[PDB]
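Written out below as structure tokens is the structure these notes cover.
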Amino acid sequence: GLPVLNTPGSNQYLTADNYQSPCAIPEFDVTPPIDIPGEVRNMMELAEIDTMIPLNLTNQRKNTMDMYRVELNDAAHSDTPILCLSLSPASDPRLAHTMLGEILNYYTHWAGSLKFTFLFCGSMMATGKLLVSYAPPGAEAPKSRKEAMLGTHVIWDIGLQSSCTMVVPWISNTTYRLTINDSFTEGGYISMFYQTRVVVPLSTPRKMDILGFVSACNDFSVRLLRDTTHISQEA
Amino acid sequence: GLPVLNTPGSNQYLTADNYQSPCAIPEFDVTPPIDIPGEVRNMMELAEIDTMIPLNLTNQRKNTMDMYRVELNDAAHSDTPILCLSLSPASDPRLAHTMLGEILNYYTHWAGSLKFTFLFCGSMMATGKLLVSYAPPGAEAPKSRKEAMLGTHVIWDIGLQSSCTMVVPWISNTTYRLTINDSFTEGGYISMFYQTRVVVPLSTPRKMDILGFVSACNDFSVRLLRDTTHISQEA
Amino acid sequence: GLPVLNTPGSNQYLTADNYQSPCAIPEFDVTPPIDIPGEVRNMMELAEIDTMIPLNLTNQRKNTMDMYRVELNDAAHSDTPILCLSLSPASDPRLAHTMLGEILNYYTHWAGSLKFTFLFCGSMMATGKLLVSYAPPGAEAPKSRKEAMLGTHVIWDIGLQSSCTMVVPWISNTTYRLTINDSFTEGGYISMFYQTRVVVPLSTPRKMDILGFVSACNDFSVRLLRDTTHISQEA
Amino acid sequence: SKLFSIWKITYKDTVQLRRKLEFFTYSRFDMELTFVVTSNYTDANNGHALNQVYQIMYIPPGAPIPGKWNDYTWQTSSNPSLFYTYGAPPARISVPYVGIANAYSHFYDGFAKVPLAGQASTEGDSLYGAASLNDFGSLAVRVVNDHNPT
Amino acid sequence: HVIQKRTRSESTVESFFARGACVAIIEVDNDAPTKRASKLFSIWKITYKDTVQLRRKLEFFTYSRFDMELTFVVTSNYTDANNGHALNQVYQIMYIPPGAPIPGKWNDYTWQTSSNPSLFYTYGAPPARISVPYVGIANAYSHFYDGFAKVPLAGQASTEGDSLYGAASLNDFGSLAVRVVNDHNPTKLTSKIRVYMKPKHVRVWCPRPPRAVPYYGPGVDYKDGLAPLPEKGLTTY
Amino acid sequence: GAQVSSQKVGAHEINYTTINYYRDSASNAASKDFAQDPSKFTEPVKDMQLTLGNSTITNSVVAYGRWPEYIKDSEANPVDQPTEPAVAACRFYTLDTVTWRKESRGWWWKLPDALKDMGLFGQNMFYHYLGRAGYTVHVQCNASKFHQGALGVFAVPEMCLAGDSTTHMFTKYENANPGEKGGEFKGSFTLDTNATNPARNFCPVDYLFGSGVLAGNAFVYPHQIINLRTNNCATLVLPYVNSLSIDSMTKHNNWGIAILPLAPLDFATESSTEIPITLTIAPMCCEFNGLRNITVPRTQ
Amino acid sequence: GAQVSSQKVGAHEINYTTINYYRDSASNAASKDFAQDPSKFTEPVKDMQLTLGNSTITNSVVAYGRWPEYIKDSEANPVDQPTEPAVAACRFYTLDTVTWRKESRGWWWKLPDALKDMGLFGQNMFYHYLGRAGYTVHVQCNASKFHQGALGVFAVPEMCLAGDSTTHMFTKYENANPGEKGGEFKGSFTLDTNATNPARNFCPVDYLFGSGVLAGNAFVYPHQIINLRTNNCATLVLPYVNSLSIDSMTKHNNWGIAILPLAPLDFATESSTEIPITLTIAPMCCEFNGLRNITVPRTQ
Amino acid sequence: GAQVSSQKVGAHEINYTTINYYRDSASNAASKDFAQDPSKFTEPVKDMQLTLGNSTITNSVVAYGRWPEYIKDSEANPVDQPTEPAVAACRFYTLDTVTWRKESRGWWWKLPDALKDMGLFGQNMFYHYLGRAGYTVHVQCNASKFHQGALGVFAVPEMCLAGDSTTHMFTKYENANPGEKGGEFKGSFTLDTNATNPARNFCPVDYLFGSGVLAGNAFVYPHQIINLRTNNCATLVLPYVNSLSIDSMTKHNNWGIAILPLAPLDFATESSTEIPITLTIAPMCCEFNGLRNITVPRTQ
Ligand SMILES: CCCCCCCCCCCCC/C=C/[C@H](O)[C@H](N)CO
Ligand SMILES: CCCCCCCCCCCCC/C=C/[C@H](O)[C@H](N)CO
């Protein structure tokens with residue numbers, strides 16, 4: 001026959017290989033497809049869908065609906081944060097189990113901007129102004145409004161808009177960030193503060209809830225598919 | 001020689017493979033074919049031939065000629081069924097061992113319309129009208145003519161035609177039905193009833209026989225060749 | 001290297017295969033051929049050469065020259081056969097060891113017409129007429145001239161021609177006959193009879209010899225090369 | 001000792017691929033199956049063994065299921081069968097999309113039977129979410145060699 | 001109105017027979033020839049009637065014409081733990097067409113296979129495989145033959161002219177002789193060669209109703225399973 | 001010389017190449033409504049008065065849609081001149097009439113066996129080594145408008161019938177070739193246990209169609225139904241069917257005729273009622289080869 | 001027939017060839033800002049007064065951006081004529097109003113189950129073997145400007161809910177098809193340990209969305225939020241979604257509707273406050289096949 | 001450089017490619033009525049008075065249809081000038097006449113051995129290292145019209161005769177080259193058991209043709225029959241046959257002549273009857289090479 005020489009790698013099985021194999025059912029008449037609504041072509045398509053953030057992972061709220069609600073009230077103005085988050089969409093506990101986090105935990109590298117949305121669920125008679133800040137990493141994480149205001153930030157008039165959207169733009173030393181907790185590729189900090197206070201009239205609830213959503217922008221990409229740590233099989 | 005790499009699957013033997021092999025008898029002068037009558041190109045060609053249905057599989061009729069004959073008589077009109085069948089051409093005992101059933105038991109999936117024919121073998125002096133009904137599945141199987149008449153049905157004037165043909169059209173949720181007894185892909189019910197009664201004059205046999213045949217239409221197809229359960233080899 | 005997959009049959013040795021192999025003596029300057037007389041291109045070329053038939057395989061004649069001679073005499077006319085043969089050119093003992101039989105015993109199937117020649121070796125003063133008959137199989141083998149004359153036959157005037165040739169045409173149910181003794185593909189019967197008697201004058205030998213030769217016609221073919229039973233090696 | 005094994009084809013015996021597939025409700029794809037075969041001695045005495053050959057017969061729903069390791073069903077006249085020689089590279093075959101529907105249903109919010117009024121509680125009962133849409137038959141596996149003394 | 005795009009590609013007679021069906025399990029042994037319980041070579045009369053599945057599929061039709069692909073799966077084992085071990089075995093499979101000499105010993109001259117096609121297989125290699133054309137002496141293979149090879153003639157005794165009903169040389173394809181080429185190890189080894197037969201390039205004629213009762217012999221005889229059908233009420237869905 | 005063929009893609013994310021490496025084609029890999037796709041397998045009709053020779057007959061199927069024909073020069077195995085008796089042998093011969101009762105299990109015949117003693121056709125059959133012929137089979141059964149019953153007439157190529165003993169294929173030539181009397185199906189299988197003088201006869205069970213197949217499927221063979229309320233007769237036109245262009249008529253029976261009562265005979269209120277069935281067979285396109293002394297097969 | 005494709009080179013120091021060797025394509029190897037790349041997966045709006053039949057309604061999502069439509073002749077599996085009731089069945093039916101309190105964990109319904117007893121739509125559903133329809137779901141919940149609270153309305157294809165027992169898939173048909181009353185989510189999972197008379201009912205945990213997935217991700221399904229400070233109602237336009245062009249409506253529920261309180265209801269300083277939620281569902285593009293006697297499923 | 005050849009398809013459901021990978025062609029795989037297809041192997045006749053030199057002779061076969069010819073310059077191995085005696089050596093020499101009796105088993109001769117002492121031909125043969133020549137052999141046997149008998153004359157290339165001892169190939173040069181007297185076939189094989197003074201001679205058995213082959217097949221060799229009732233003589237024209245264009249005439253005998261009585265001699269009623277057989281051989285197209293002192297082989 002034709003002279004051939006077996007190179008190294010012959011007779012191996014690489015689970016990521018791409019080879020032809022014989023068909024166990026030749027001449028099978030396959031059922032043709034139909035136009036099913038909702039076809040997905042890319043996983044980043046799902047990563048771009050806003051999903052609620054379990055922001056309030058306290059001892060009594062975690063693993064309940066209350067973990068999705070952050071309580072605002074009409075107390076006097078203060079510079080203390082309303083919530084604090086780390087830009088670790090795959091390893092931060094409050095972002096890891098969101099759809100974005102779930103998809104990211106199947107990959108080793110991620111890059112691109114993020115989109116945070118906040119929905120205010122108080123009465124229409126409630127008014128107030130908030131500040132949503134993103135600080136790139138390197139400095140002390142902002143502890144008051146005086147520091148958070150020095151980074152990127154948006155001012156949210158809840159009386160005017162029920163929803164606010166802040167884009168965390170991609171700013172990184174490396175071209176990709178690891179999907180684990182890594183100091184060298186940390187993503188920065190996110191926080192919320194009272195700009196003014198929340199004001200309600202009489203006969204109005206003084207405590208209200210806000211909800212948080214996170215999605216990816218259209219410049220978002222991931223690399224190096226890997227097994228996730230969010231599912232395991234005992235025995 | 002040429003550098004080559006052995007992919008997984010090398011040195012396996014797939015009984016459904018399609019490969020070339022050397023000829024044990026090279027340069028054999030093959031006998032040319034002749035034009036033999038009766039060439040078959042497809043098994044659905046045989047599945048489309050009407051064959052008698054063993055409808056009367058009672059204890060004393062099964063495994064005799066009498067299992068092919070259904071007895072009508074000239075009794076007063078009633079709404080009780082003459083015969084009852086399930087549209088399971090491969091697993092129904094009365095249809096499994098017909099030519100259609102035999103061919104279907106070599107395949108896992110089937111689809112297409114069916115053709116039932118009924119031949120009346122009474123005297124020419126006998127008259128009567130019958131109703132042949134097919135009810136798609138989902139409801140209670142028809143127990144009287146009042147229910148069977150609500151489904152698909154044909155009226156058969158035996159005094160006018162000795163043979164009647166009813167097409168059971170293909171109506172299914174799935175694109176193919178399994179060749180086993182499966183609730184999710186059940187085919188429906190078939191029944192026969194007296195529309196009028198059978199009427200004979202004097203000096204005439206009051207009891208007569210009808211025969212049933214089943215075949216496939218030209219829109220009938222099967223998939224996934226498999227071993228049949230109708231033949232076995234002990235030791 | 002190039003991805004390859006080893007199909008079944010790899011690493012086998014088929015003695016009838018046809019493959020390339022490396023040359024153990026590269027660049028050998030081969031002696032050119034010369035125009036030797038008597039080149040053979042086909043074995044049927046040798047099968048078409050007339051060779052003497054050992055017709056007289058009696059106890060005292062077999063394995064001597066006398067087995068090639070059939071004795072005629074000038075006795076009164078009779079309808080009894082002079083010789084009897086079966087059209088089994090490979091398995092009949094009188095035809096098996098002829099050149100035709102030797103070649104046929106290397107093949108499993110044979111077809112085509114046969115050519116029998118008979119040479120009369122009496123004195124020129126001898127006269128006579130004989131009948132050479134071939135009867136296709138199916139009936140009782142001819143026992144007298146009355147039966148043999150009903151089949152194919154030639155009349156041989158030995159006083160006129162010293163040699164007679166009869167063609168046994170190919171007539172068979174199958175397209176090929178087996179080279180063994182097989183009832184379903186038996187070839188028929190051949191016989192010789194006195195048409196008139198042999199007449200000699202005075203002072204002439206009253207007993208003379210005839211010789212038989214068998215060859216293949218140009219429409220003769222064989223199939224399925226096989227080992228012969230005419231040669232064996234003890235130890 | 002279990003001389004042959006039958007495995008109901010499914011992806012739900014493990015979790016990782018199941019979780020990845022259940023990101024979506026419907027799917028449609030061809031399937032590549034690879035078989036990695038390992039073997040070992042269960043005892044040191046009683047001698048040794050020669051190289052083993054494995055038969056993997058696909059039994060589509062309805063085809064007879066072997067009851068013995070050497071019954072007639074292994075003739076595999078119509079069932080696709082894969083013969084693998086131990087020590088060879090892992091076996092591999094491809095299958096097209098073989099669903100009776102237009103896509104594979106990872107989820108089915110329904111029943112295979114509808115219990116009708118009047119029939120007893122025993123009748124008309126089927127498991128919730130179970131349908132023949134995922135009935136792909138099984139794989140029967142055996143060693144073709146006769147047993148060694150070990 | 002419905003667009004009916006369903007094909008019968010898998011129900012063609014080619015696809016129907018496009019599988020390797022096991023027709024023979026040939027058992028051979030590698031052992032000292034002094035041993036009498038060991039069979040050092042095996043002869044198998046080639047046929048598809050040793051098994052039922054392929055036979056039933058083929059007997060859907062009266063006549064057939066096809067090439068044949070034969071695959072050989074060889075397995076072996078030790079019959080004893082003591083007496084040491086063995087080296088890799090080589091198997092000779094010699095095709096003996098009708099008329100060719102049949103070996104009487106595992107090592108006689110016939111194994112020279114100067115003219116008989118022979119297949120040498122090394123244990124542990126992928127299953128051996130060869131192809132054969134249509135080799136019938138007629139224009140098609142006869143799955144059924146309603147006749148005799150002999151016609152008994154008036155006058156000859158009842159012993160003469162007798163042949164089995166339905167038996168003809170139309171199905172005489174010779175046999176396969178199988179042996180282990182290695183000399184015997186101090187330990188006995190037992191091997192089985194499984195023969196898988198695939199018709200390809202198939203044509204068939206005159207369809208027949210399939211076998212409904214257990215096969216009994218090479219003919220159409222039946223003895224035991226003569227009640228194939230179950231009980232089912234006339235008006236029971 | 002590569003062959004680039006097209007694939008039929010199913011699940012989408014299209015040509016495949018094949019090259020033959022061996023000279024022998026046997027080494028090649030495989031390349032792969034009421035209207036009946038196999039019109040010829042559904043017993044096509046001849047779409048009166050049938051005259052053959054000096055015989056005339058006044059529901060006609062052509063088996064496999066193939067009319068009887070003479071051997072083409074392209075497919076002639078024998079080389080000697082073929083004898084064609086023509087009208088001398090190609091004519092309607094009437095076999096012995098059988099009686100259909102309420103208890104009949106059916107009748108069978110073999111062709112050309114049933115016509116072996118029929119005028120010059122039998123003489124030509126027994127004088128020649130090779131013979132070939134199609135047939136026209138006319139089954140006749142008439143009854144009043146007050147009779148009821150149905151007969152299925154089947155023409156089976158290679159109609160092999162099961163034996164009656166534990167010995168396989170043990171039916172002797174005499175019992176397998178009864179002539180124009182034919183044989184009868186049975187309602188049950190009876191094993192012949194006479195090891196001293198075995199009958200060596202068939203035991204054709206009706207519901208097994210005498211060959212281990214369910215009778216209901218016998219309709220896959222060329223067939224015609226005589227339903228007493230509708231028609232009197234049945235005509236089957238059988239072409240020559242065999243793996244060979246011509247064979248031995250004494251050794252081999254090309255066709256078998258089976259008549260089974262699909263619906264039992266009945267009449268008024270007389271439990272004793274019988275009607276005759278008469279078979280008339282005309283061989284067609286007869287041709288014979290290999291003339292020699294006459295064959296005289298053993299009998300009884 | 002070689003395919004020469006281009007590689008995407010990374011680390012530089014550019015075409016690769018592929019040939020298909022098998023006839024079956026399954027044997028082939030794999031070939032490989034605010035704007036939303038999957039616009040259809042981000043709950044696209046219908047960009048008033050919705051009139052269907054004789055019903056009129058005066059925040060609208062189209063699930064997957066696919067409006068309800070009739071079966072194309074290209075994708076019709078059944079061959080019998082389809083029944084299209086039109087305005088008779090395609091109209092708005094109002095289910096029983098539920099009560100939203102401070103303690104509600106949510107509500108769920110199945111489609112077409114919730115409309116099985118709704119006028120002629122239910123009659124057509126139970127009279128036919130096969131049925132198909134999209135839906136327009138209108139959730140209505142109004143409250144003063146001094147009320148606060150948010151509801152998430154989700155349309156889930158193949159909304160399978162977890163059981164309440166150690167036995168897998170043990171929820172019986174009656175409990176899985178409650179009709180227009182639907183069911184309620186729970187705040188915790190309670191195992192049914194009554195081995196004698198098991199409830200065989202669902203136990204849908206709200207934060208697990210009743211199927212073992214975190215509720216926060218339920219927004220990947222088609223959805224709409226009713227925020228009491230902003231809007232009163234929510235409209236979801238659901239096309240027919242299934243692996244088949246048409247199926248059994250009694251066996252299979254194509255859609256599920258889930259309403260979860262994302263923000264708890266609250267008002268002024270009254271701890272006792274409740275507001276109704278009213279669902280109005282109109283089936284759309286209904287078509288049925290396989291008419292026979294009416295189905296009467298078992299109840300209770 | 002692929003070779004695309006056509007296959008001959010048998011069983012139908014057509015070209016195969018072959019490429020040579022080795023420089024050496026020995027590595028290649030194999031590529032693969034009364035009229036006689038091998039007309040040259042059926043003893044073709046010369047289709048009178050034959051004059052050669054000064055000799056004249058007044059049933060002629062040309063062995064293999066090849067007339068004697070001189071060496072072509074294209075196929076000349078030796079380089080020295082060839083001696084061609086012409087009429088001096090190419091002439092008819094008459095050997096010693098033998099006697100055919102009723103008991104004769106046959107006679108044999110070797111060429112050029114039988115002519116080694118024939119005039120100038122023998123001188124040229126023994127003076128040269130290499131020699132080449134065809135022959136014309138004329139066998140003469142005449143008898144009355146009342147005699148009966150047949151002789152088969154065969155010209156055998158490489159006519160090797162079996163020995164007479166258990167030692168293989170033990171016939172010595174003197175007994176293998178008897179000259180014009182030749183030798184006689186025997187009716188039976190007699191083993192030489194004289195281990196002290198072995199004869200070392202041939203034992204050619206007639207029915208074995210002296211070489212272990214059946215005599216009946218000797219007709220495959222060039223041959224002619226002298227049937228006493230028909231013809232007196234036989235002429236065989238033998239071309240030079242060898243694996244070489246020229247060889248040593250003393251070492252190697254190119255042809256052998258065998259005369260066997262196919263039909264025994266008989267006459268009237270005289271049991272004592274004998275007729276002579278006379279051989280006349282003319283070498284043809286003689287050419288010699290390598291002149292030196294004369295060879296004198298050992299005798300007796
Ligand atoms: C030839 C012997 C080797 C075994 C051959 C296996 C053939 C049968 C495998 C095909 C059946 C599985 C098809 C894919 C189904 C998936 O598991 C799920 N439906 C995906 O949703
Ligand atoms: C080279 C050694 C390996 C064995 C070679 C086998 C060659 C002989 C096999 C061909 C004979 C069988 C041909 C097909 C016959 C079928 O069994 C039936 N006639 C089908 O009707």
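In the structure tokens, each chain is lettered A, B, ... as it comes, each chain's residues begin at 1, and ligands are numbered from 1 in order of appearance.
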
Residue list for chain F near chain B as a JSON list (two decimals) with C-alpha atoms, in the first residue's frame, 8 Å, only C-alpha atoms:
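So out.json came out as:
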```json
[["chain", "number", "residue", "atom", "x", "y", "z"],
["F", 20, "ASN", "CA", -12.24, 2.73, -5.44],
["F", 21, "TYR", "CA", -8.89, 1.11, -4.66],
["F", 22, "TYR", "CA", -9.51, -2.42, -5.99],
["F", 24, "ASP", "CA", -12.86, -5.97, -8.52],
["F", 26, "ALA", "CA", -17.15, -6.64, -5.35],
["F", 27, "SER", "CA", -14.54, -4.82, -3.26],
["F", 28, "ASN", "CA", -16.46, -1.55, -3.59],
["F", 29, "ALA", "CA", -18.48, -0.10, -0.75],
["F", 30, "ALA", "CA", -22.23, 0.31, -1.09],
["F", 33, "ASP", "CA", -53.08, 7.76, -1.45],
["F", 34, "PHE", "CA", -54.41, 4.59, -3.04],
["F", 35, "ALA", "CA", -51.80, 4.54, -5.82],
["F", 36, "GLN", "CA", -49.45, 1.60, -5.28],
["F", 37, "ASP", "CA", -45.74, 2.37, -5.62],
["F", 38, "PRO", "CA", -45.10, -1.30, -6.63],
["F", 40, "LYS", "CA", -46.59, -4.95, -10.27],
["F", 41, "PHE", "CA", -46.71, -6.48, -6.76],
["F", 42, "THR", "CA", -50.41, -5.72, -6.18],
["F", 64, "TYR", "CA", -45.91, -9.43, -11.45],
["F", 65, "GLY", "CA", -47.35, -7.62, -14.47],
["F", 66, "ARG", "CA", -45.13, -9.77, -16.72],
["F", 75, "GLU", "CA", -30.34, -14.58, -22.24],
["F", 145, "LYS", "CA", -77.11, -16.31, -5.50],
["F", 146, "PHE", "CA", -78.10, -18.05, -2.25],
["F", 147, "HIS", "CA", -74.65, -19.62, -1.74],
["F", 148, "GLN", "CA", -71.94, -17.88, 0.26],
["F", 149, "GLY", "CA", -68.22, -18.55, 0.31],
["F", 150, "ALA", "CA", -64.88, -17.23, -0.85],
["F", 187, "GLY", "CA", -56.05, -28.18, 9.52],
["F", 206, "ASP", "CA", -53.63, -24.41, 5.89],
["F", 207, "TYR", "CA", -53.18, -21.51, 8.31],
["F", 214, "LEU", "CA", -49.18, -17.20, 8.13],
["F", 215, "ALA", "CA", -51.84, -17.72, 5.47],
["F", 216, "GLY", "CA", -53.05, -14.14, 5.81],
["F", 217, "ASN", "CA", -49.83, -12.94, 4.16],
["F", 218, "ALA", "CA", -50.18, -15.31, 1.19],
["F", 219, "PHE", "CA", -51.79, -12.34, -0.59],
["F", 220, "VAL", "CA", -48.28, -11.02, -1.24],
["F", 227, "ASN", "CA", -66.26, -14.54, -3.98],
["F", 228, "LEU", "CA", -69.39, -16.53, -4.74],
["F", 229, "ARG", "CA", -71.65, -13.47, -4.49],
["F", 230, "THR", "CA", -69.56, -11.62, -7.11],
["F", 239, "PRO", "CA", -44.82, -15.86, -16.57],
["F", 241, "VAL", "CA", -40.17, -17.51, -13.00],
["F", 242, "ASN", "CA", -36.83, -19.04, -12.05],
["F", 243, "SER", "CA", -33.20, -18.20, -11.32],
["F", 244, "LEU", "CA", -32.44, -19.65, -14.78],
["F", 245, "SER", "CA", -33.72, -18.90, -18.26],
["F", 262, "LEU", "CA", -61.13, -17.92, 2.91],
["F", 263, "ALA", "CA", -64.83, -17.99, 3.79],
["F", 266, "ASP", "CA", -72.59, -22.39, 3.11],
["F", 267, "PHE", "CA", -76.05, -22.59, 1.59],
["F", 268, "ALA", "CA", -79.64, -22.00, 2.75],
["F", 269, "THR", "CA", -79.98, -24.46, 5.65]]
```

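Every residue having at least one atom no farther than 6 Å from ligand 1 is included below, with only C-alpha atoms and all ligand atoms taken into account: residues 24 of chain A; 10, 11, 56, 57, 58, 80, 81, 82, 95, 98, 104, 106, 134 and 136 of chain D.
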
Saved selection, atoms kept: N, CA and C atoms, as a PDB file, in the first residue's frame:
```pdb
ATOM      1  N   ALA A  24     -23.504   5.094  12.857  1.00  0.00           N
ATOM      2  CA  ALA A  24     -24.095   3.851  13.334  1.00  0.00           C
ATOM      3  C   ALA A  24     -25.467   3.586  12.727  1.00  0.00           C
TER       4      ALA A  24
ATOM      5  N   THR D  10     -28.960   7.781  27.946  1.00  0.00           N
ATOM      6  CA  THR D  10     -29.424   9.028  28.536  1.00  0.00           C
ATOM      7  C   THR D  10     -28.203   9.859  28.896  1.00  0.00           C
ATOM      8  N   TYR D  11     -28.423  11.159  29.072  1.00  0.00           N
ATOM      9  CA  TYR D  11     -27.385  12.066  29.545  1.00  0.00           C
ATOM     10  C   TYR D  11     -27.586  12.470  31.000  1.00  0.00           C
ATOM     11  N   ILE D  56     -20.675  -4.143  21.637  1.00  0.00           N
ATOM     12  CA  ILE D  56     -21.610  -3.117  22.074  1.00  0.00           C
ATOM     13  C   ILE D  56     -22.723  -3.076  21.038  1.00  0.00           C
ATOM     14  N   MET D  57     -23.887  -3.592  21.399  1.00  0.00           N
ATOM     15  CA  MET D  57     -25.032  -3.665  20.505  1.00  0.00           C
ATOM     16  C   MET D  57     -26.047  -2.601  20.900  1.00  0.00           C
ATOM     17  N   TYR D  58     -26.446  -1.782  19.935  1.00  0.00           N
ATOM     18  CA  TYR D  58     -27.489  -0.796  20.165  1.00  0.00           C
ATOM     19  C   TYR D  58     -28.848  -1.466  20.014  1.00  0.00           C
ATOM     20  N   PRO D  80     -27.326  -2.185  14.913  1.00  0.00           N
ATOM     21  CA  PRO D  80     -25.922  -1.784  14.774  1.00  0.00           C
ATOM     22  C   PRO D  80     -25.110  -2.293  15.953  1.00  0.00           C
ATOM     23  N   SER D  81     -23.962  -2.888  15.655  1.00  0.00           N
ATOM     24  CA  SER D  81     -23.089  -3.428  16.684  1.00  0.00           C
ATOM     25  C   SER D  81     -21.668  -2.946  16.444  1.00  0.00           C
ATOM     26  N   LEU D  82     -20.952  -2.703  17.535  1.00  0.00           N
ATOM     27  CA  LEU D  82     -19.584  -2.213  17.506  1.00  0.00           C
ATOM     28  C   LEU D  82     -18.707  -3.223  18.228  1.00  0.00           C
ATOM     29  N   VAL D  95     -23.956   9.536  15.224  1.00  0.00           N
ATOM     30  CA  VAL D  95     -25.388   9.324  15.058  1.00  0.00           C
ATOM     31  C   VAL D  95     -25.998  10.645  14.609  1.00  0.00           C
ATOM     32  N   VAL D  98     -32.035  11.921  15.862  1.00  0.00           N
ATOM     33  CA  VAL D  98     -32.935  10.779  15.762  1.00  0.00           C
ATOM     34  C   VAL D  98     -34.204  10.986  16.586  1.00  0.00           C
ATOM     35  N   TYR D 104     -35.040  17.886  20.241  1.00  0.00           N
ATOM     36  CA  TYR D 104     -35.001  17.203  21.525  1.00  0.00           C
ATOM     37  C   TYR D 104     -35.614  18.096  22.593  1.00  0.00           C
ATOM     38  N   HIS D 106     -35.568  18.939  26.273  1.00  0.00           N
ATOM     39  CA  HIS D 106     -34.924  18.813  27.573  1.00  0.00           C
ATOM     40  C   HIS D 106     -35.931  18.916  28.706  1.00  0.00           C
ATOM     41  N   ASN D 134     -37.852  10.920  24.614  1.00  0.00           N
ATOM     42  CA  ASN D 134     -36.483  10.634  25.020  1.00  0.00           C
ATOM     43  C   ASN D 134     -36.194   9.137  25.078  1.00  0.00           C
ATOM     44  N   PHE D 136     -34.617   6.349  23.483  1.00  0.00           N
ATOM     45  CA  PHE D 136     -33.628   6.090  22.445  1.00  0.00           C
ATOM     46  C   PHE D 136     -33.080   4.671  22.488  1.00  0.00           C
TER      47      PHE D 136
END
```

Practice item. Using only C-alpha atoms, determine which residues lie at most 12 Å from residue 38 (chain D), disregarding the query and same-chain residues fewer than 6 positions distant; provide the list as a ChimeraX atom specification. Key: /D:51-54,84-90

Please produce, as a tab-separated table, a per-residue contact table for chain G versus chain E (criterion: any atom at most 8 Å away, only C-alpha atoms considered), showing the nearest atom pair and its distance in Å to one decimal, sorted by chain then residue number.
```
residue	atom	partner	partner_atom	distance
G:73	CA	E:2	CA	5.2
G:74	CA	E:3	CA	5.3
G:75	CA	E:3	CA	7.4
G:76	CA	E:2	CA	5.8
G:77	CA	E:2	CA	7.5
G:78	CA	E:2	CA	8.0
G:79	CA	E:2	CA	6.5
```

For C-alpha atoms, I'd like the residues from the last selection saved as a PDB file, in the first residue's frame.
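Resulting contents of again-v1.pdb:
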```pdb
ATOM      1  CA  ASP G  73     -48.113  24.104   4.987  1.00  0.00           C
ATOM      2  CA  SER G  74     -44.372  23.380   4.899  1.00  0.00           C
ATOM      3  CA  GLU G  75     -44.410  22.289   8.573  1.00  0.00           C
ATOM      4  CA  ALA G  76     -47.777  20.502   8.882  1.00  0.00           C
ATOM      5  CA  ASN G  77     -47.450  16.999  10.320  1.00  0.00           C
ATOM      6  CA  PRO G  78     -51.154  16.017  10.477  1.00  0.00           C
ATOM      7  CA  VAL G  79     -52.977  15.511   7.191  1.00  0.00           C
TER       8      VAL G  79
END
```
